[PDB]
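Read through the structure below, which is laid out as structure tokens, and then see the notes.
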Amino acid sequence: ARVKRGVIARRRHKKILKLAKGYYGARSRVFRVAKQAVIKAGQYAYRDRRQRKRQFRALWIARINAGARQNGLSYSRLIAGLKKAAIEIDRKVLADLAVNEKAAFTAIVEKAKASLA
Amino acid sequence: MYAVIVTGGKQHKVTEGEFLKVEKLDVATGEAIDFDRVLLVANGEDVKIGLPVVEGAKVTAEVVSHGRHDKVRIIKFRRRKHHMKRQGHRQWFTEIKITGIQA
Amino acid sequence: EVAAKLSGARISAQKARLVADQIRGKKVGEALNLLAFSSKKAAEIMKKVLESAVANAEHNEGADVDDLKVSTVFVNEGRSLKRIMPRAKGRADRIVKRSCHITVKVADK
Amino acid sequence: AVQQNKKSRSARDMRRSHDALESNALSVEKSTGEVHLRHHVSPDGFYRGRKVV
Amino acid sequence: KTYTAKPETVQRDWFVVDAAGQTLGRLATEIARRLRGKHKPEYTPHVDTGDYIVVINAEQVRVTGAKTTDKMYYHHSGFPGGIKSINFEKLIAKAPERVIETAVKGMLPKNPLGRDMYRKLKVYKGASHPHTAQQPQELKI
RNA sequence: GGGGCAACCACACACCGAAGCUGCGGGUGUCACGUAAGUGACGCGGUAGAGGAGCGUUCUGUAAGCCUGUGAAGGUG
RNA sequence: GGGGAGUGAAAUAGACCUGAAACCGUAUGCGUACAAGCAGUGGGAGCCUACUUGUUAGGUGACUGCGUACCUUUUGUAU
């Protein structure tokens, strides 16, 4: 029973060249280059799921820091001010209140100053 | 009217009407949910924050559906060492809707 | 619109791209004047095709020879005839001999 | 010497961007209504309205 | 999801700095903070939000200790043996406005944003600026 | 490492900082449970290499069946 | 060599069933002429065409953070 492998080879090639479209020049059309650029673009997508969490945390912090100097503190004395008391608020929703809801942020900052920390 | 409720180990910015996606919780479709883990309640300008939890305030929500959003890929490759391993993932979620805020 | 072809024409593709880009999107009155006075080999062949596309418009489909503006000129590649040519120290190398397909398509709009 | 890597579709097409054509010397004969090249004898043999051949 | 600034909705201002005895690199660190936009709550890194600066006395600036008769400013011309140097004191009589620009230029990113943040800096060696039409406000005398 | 002046010793609080730990949601090996998964009950980087469990291709049985000119195999979305 | 017209169930079955990939073109959309590198990935402005008209989807990707291909030999290779 001779089997000829010309039809199940083709389905596995088109499955690679579908994930690798949108690429420059010869990385999106010939297979011995488009197999390397599919594996490499899967390692980057694995590392950058962790680095996504670090690029926003560093963006939330630098927005609280700018907004809390305009009222009269730093960032680092504010976080000790909220944790002298118990307010229990993330960085994600402080940096929303810094931009959009600016009057509610000032009513938070005055309570850290009353906490005197 | 905006609250800060804490659903699944993380908190949100809810202002009513809210087609809002939450991680999966154990309730059927079409049932009402009360969130008793609200942290600050604002109204107009009248805004109060909870020493840890603000008292009395509730948010009423109900479940629109269940689903499973994505298909993310995982490739664990080592160059030059004869090792490669793949795996798929799709995460559950639960879309709810806030008909809520109670000061 | 009406068309014309010359499938099998000895000049290569790349040499004859340089005469197609000169006339794409003009009127056929001055298209016959660019090709009467050009000095290239492809120009004597493309004018033979451009007046074949016109005479299919005075004939079969009605149209006058004035309102025609040449719409779509493209030149494709055809069969290549493969030949050998000897070089020095016993080694012989291979020559191709190319051709092309030309398609001039005038439109009465 | 030979190359070390091959040239892509971009760097091959950029080279031949300076290689276009031109033919601009056309002129109409005042008398016979025949088209020819400026400062040349017309193909019926008229130069500035005079038969020469 | 978290808010990002939009380049067609950005609001920018006009500040004027007097440098009349300010230490060079302690002055220049507060210009470069306010050109980038770390003083605004709506700061995203990939857009430029920051205030135009006008510096009016770029020849009164002060450096500390023995550094006036030192501190060579090296740069290379491209040709062989073309290294060139000029100290702090001889430079300030030639072009006073290029002391305080090269100190700020090295405290910025090296991007095509850094080249765009650098165009909001405008120094003068005089005592008055040709920007009365924009009416800059004073800061931090 | 560069701009530049944020240098050294004693000392105090605060913050920052990993795929570490915790929270929430899924999965799986093992052993018990609460019937060894009805359910529990505790772990998971990996080369050479040892062990466990699967997909697909061609031909034969089931196949004088079943599907198809209202449209097969293929090719392409 | 074509453009018709006729035969045929069908001439993109025309001297030839199907007719893929590399390679070469022609149209339509969006981005690129002061900007430095395994050419991707995370965030992301704008524009376009569709749908109820915008997360209803698709296509481009200015800007920006991290990022020195694959195999084989080896105490180690971006080498």
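Give the residue, chosen from E:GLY65, E:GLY106, E:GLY78, E:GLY114, that is more than 14 Å from every other protein chain (Cβ to nearest Cβ), within 16 Å of RNA strand G (Cβ to nearest atom) and at positive phi.
When all the criteria are applied, what remains is E:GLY78.
Just one of the numbered conditions (1) within 12 Å of RNA strand F (Cβ to nearest atom); (2) under 30 Å from B:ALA28 (Cβ atoms) is not true of B:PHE77: (2).
Taking A:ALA26 as the residue in question, decide whether it is surrounded by 14 or more Cβ atoms within 10 Å (Cβ to Cβ), farther than 24 Å from B:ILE74 by Cα and out of contact with any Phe, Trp or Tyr (no Cβ under 7 Å at 6 or more places or on another chain).
Answer is yes for this residue.
Looking only at residues in region E:1-27 that are of a type in the set (A, V, I, L, M, F, W, C) and in a loop (DSSP other than H, G, I, E, B), the one that is nearest to the other protein chains (Cβ to nearest Cβ) is E:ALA5.
In region E:44-62, how many are away from RNA strand G (no atom under 16 Å from the Cβ) and either within 14 Å of chain A (Cβ to nearest Cβ) or over 25 Å from E:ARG26 (Cβ atoms) (or both)? So that I can check it myself, show each step before the final result.
The initial filter retains those residues of region E:44-62 that are away from RNA strand G (no atom under 16 Å from the Cβ), namely E:51-62.
Then drop every residue that is not either within 14 Å of chain A (Cβ to nearest Cβ) or over 25 Å from E:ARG26 (Cβ atoms) (or both), which leaves E:51.
Within region E:44-62, residues that are away from RNA strand G (no atom under 16 Å from the Cβ) and either within 14 Å of chain A (Cβ to nearest Cβ) or over 25 Å from E:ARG26 (Cβ atoms) (or both) number 1.
All of (1) under 23 Å from A:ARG91 (Cα atoms); (2) away from every other protein chain (no Cβ under 14 Å); (3) assigned to a strand (DSSP E or B) hold for B:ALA61 with one exception: (1).
For region C:73-92, the count of residues that are more than 24 Å from D:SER23 (Cα to Cα), assigned to a strand (DSSP E or B) and either among the aromatic types (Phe, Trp, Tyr) or in contact with a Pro (Cβ under 6 Å, 6 or more places away or on another chain) (or both) is at least one.
Taking region A:23-50 as the range and being more than 6 Å from RNA strand G (Cβ to nearest atom), hydroxyl-bearing (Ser, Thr, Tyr) and not in a loop (DSSP other than H, G, I, E, B) as the test, only A:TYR46 passes. Within region A:1-21, residues that are assigned to a loop (DSSP other than H, G, I, E, B) reach partners that are within 14 Å of RNA strand G (Cβ to nearest atom) and among the aliphatic types (A, V, I, L, M) with beta carbons closer than 7 Å, at six or more positions or on different chains, in the pairs A:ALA20/A:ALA34; A:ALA20/A:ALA37; A:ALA20/A:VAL38.
From the list B:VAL63, B:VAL54, the one residue that fits, being over 28 Å from A:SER115 (Cβ atoms) and within 22 Å of the chain's Cα centre (by Cα), is B:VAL63. Selection over region E:1-40 of residues that are closer than 30 Å to B:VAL14 by Cα, surrounded by 14 or more Cβ atoms within 10 Å (Cβ to Cβ), among the basic types (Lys, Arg) and touching a residue at least 12 places away in the same chain (Cβ under 8 Å) gives a count of 0. Just to verify a result, which residue in region C:1-26, among those that are of a type in the set (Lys, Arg) and more than 14 Å from every other protein chain (Cβ to nearest Cβ), is farthest from RNA strand F (Cβ to nearest atom)? In this case the residue turns out to be C:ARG10. Restricting region C:39-51 to residues that are surrounded by fewer than 20 Cβ atoms within 10 Å (Cβ to Cβ) and within 12 Å of chain D (Cβ to nearest Cβ), the residue that is farthest from the chain's Cα centre (by Cα) is C:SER39.
Within region B:1-34, being within 14 Å of another protein chain (Cβ to nearest Cβ), part of a strand (DSSP E or B) and within 22 Å of B:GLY56 (Cβ to Cβ) holds for B:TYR2, B:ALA3, B:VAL4, B:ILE5, B:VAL6, B:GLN11, B:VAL14. The set of residues in region A:62-117 that are buried (at least 16 other Cβ atoms within 10 Å of the Cβ), assigned to a loop (DSSP other than H, G, I, E, B) and within 16 Å of RNA strand G (Cβ to nearest atom) contains only A:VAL99.
We did not get these values from a lab; they are worked out from the coordinates using the rules stated. Virtual Cβ from ideal backbone geometry, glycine too; neighbours counted across all protein chains shown.
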